[PDB]
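Single-letter residue listing:
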There are 2 protein chains.
Amino acid sequence: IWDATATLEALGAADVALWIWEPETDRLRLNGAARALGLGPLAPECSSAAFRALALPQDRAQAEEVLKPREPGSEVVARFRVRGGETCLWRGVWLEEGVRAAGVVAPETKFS
Amino acid sequence: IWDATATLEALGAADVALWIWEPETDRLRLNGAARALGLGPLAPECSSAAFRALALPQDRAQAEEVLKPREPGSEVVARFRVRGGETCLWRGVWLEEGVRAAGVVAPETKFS
């Protein structure tokens with residue numbers, strides 16, 4: 001079988017987190033290795049303002065590429081550093097139902 | 001909050017799957033975008049023999065790098081094609097508890 005602990009074990013092992021972005025509710029949700037990735041202050045849920053504030057200031061254009069609304073099926077690809085210094089790659093898509101995006105965030109030291 | 005549907009949504013959006021390998025029980029478990037990745041025949045759970053059989057024959061040395069037992073903390077990094085032709089990257093680690101590994105599997109068309 002598969003459960004919530006299995007999800008966290010695999011995410012932790014990979015050093016990856018999952019994210020869902022809901023502009024309607026101004027809620028970014030994280031699950032998995034958020035702390036390891038420098039995203040600890042944002043987890044389990046944060047506002048778009050909190051998200052932008054954690055990005056290195058010079059990387060905030062790239063951070064915004066995650067939050068920018070897009071039509072369903074639109075790829076989300078972004079890379080930026082947060083306070084602490086580590087660069088992560090965000091990859092996902094705008095979903096079919098609602099105006100929402102979801103995906104993975106990974107350390108670029110392991111994923112490109 | 002975060003639940004099982006949120007996990008599947010984010011995994012699906014990223015085109016990624018999670019895996020746990022338990023050599024003690026000869027059980028490889030998958031969760032997420034297994035079908036999209038060519039791993040559909042293995043999901044939700046398979047034997048090591050089923051796993052090897054799905055690899056392209058010439059890629060079976062690389063496939064084995066996933067299943068090979070290692071000491072806790074040992075990185076798992078492998079890349080190989082399965083029947084159908086698509087190349088995926090497997091990244092994870094041998095866990096602290098038991099003799100088990102876990103991680104992510106991703107399409108190399110998106111992740112390197």
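Rules of the game
Residues numbered from 1 in each chain as written, not as in the entry; some residues may be left out. Chains lettered and ligands numbered in written order. Heavy atoms only, no water. Pairing = 2+ DSSP bridges. Helix = DSSP H or I, 4+ residues; strand = E, 2+ residues; numbered from the N terminus. Contact = heavy atoms within 4.5 Å. Axes fitted to C-alpha atoms, helices over the stretch in contact; angles between N-to-C directions. Least-squares fit on C-alpha atoms.

Listed as the method for this PDB entry is X-ray crystallography; the listed resolution is 1.70 Å.

With the PDB entry as reference, chain A is termed GGDEF family protein, source organism Caulobacter vibrioides. The title given to this PDB entry is "Adaptor dependent degradation of a cell-cycle regulator reveals diversity in substrate architectures".

Novice: Explain the sheet that holds strand β6 (residues 101–107) of chain B here, please?
Specialist: The six strands lie next to each other as β3-β2-β1-β6-β5-β4 (chain B), forming an open sheet whose pairing is antiparallel. Where the open sheet ends on each side, the last strands, each with one partner, are β3 (45–46) and β4 (75–81) of chain B. As paired strands, strand β5 (residues 87–94) of chain B and β6(B) are joined by seven bridges and run antiparallel to one another. Its bridge partner being in β6(B), B:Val93 is matched across the sheet by B:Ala102. The sheet contacts of helix α1 (residues 4–14) of chain A involve β1 (17–22), β2 (27–32), β5 and β6 of chain B, and relative to β6(B) the element is tilted by about 75 degrees. Each of β1, β4 and β5 of chain B touches helix α3 (residues 60–67) of chain B; the most contacted strand, β4(B), lies at about 150 degrees to it.

Novice: Can you help me understand the side chain of A:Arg91 in this one?
Specialist: One can find A:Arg91 in strand β5 (residues 87–94). When sequence neighbours within four positions are dropped, the list of residues in contact with A:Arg91 reads A:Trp19, A:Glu75, A:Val76, A:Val77, A:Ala102, A:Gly103, A:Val104, B:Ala14, B:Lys110 and B:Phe111.

Novice: What should I look at first to understand the sheet that holds strand β4 (residues 75–81) of chain A in this one?
Specialist: Think of a sheet as strands paired side by side through backbone hydrogen bonds, with each pair either parallel or antiparallel. Residues and elements named next belong to chain A. With antiparallel pairing, the six strands of this open sheet are ordered in space as β3-β2-β1-β6-β5-β4. Edge positions in the open sheet fall to β3 (45–46) and β4, since each of these has one partner strand only. Of the pairings in the sheet, the one linking β4 to β5 comprises seven bridges and is antiparallel in character. Its bridge partner being in β5, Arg-79 is matched across the sheet by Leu-89. Across the sheet, helix α3 (residues 60–67) is in contact with β1 (17–22), β4 and β5; its angle to β4 comes to roughly 150 degrees.

Novice: What exactly am I supposed to notice about the relation of the copies chain B and chain A here?
Specialist: With an axial shift of 0.0 Å and an RMSD of 0.0 Å, the rotation relating chain B to chain A amounts to 180 degrees. Expressed as an axis order, the relation between the two copies is that of a two-fold axis. No C-alpha of chain B lies nearer the rotation axis than that of B:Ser112, which sits 2.5 Å from it. When the interface residues of chain B are mapped onto chain A, 100% of them are again interface residues, pointing to one common binding face.

Novice: Is there a simple way to think about the environment of B:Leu28 in this case?
Specialist: All names here are of chain B. Within the secondary structure, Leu-28 sits in strand β2. With 16 residues separating them along the chain, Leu-28 and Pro-44 place their C-alpha atoms 8.4 Å apart. When near neighbours in sequence (up to four residues on either side) are disregarded, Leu-28 contacts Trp-19, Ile-20, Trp-21, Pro-44, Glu-45, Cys-46 and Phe-51.

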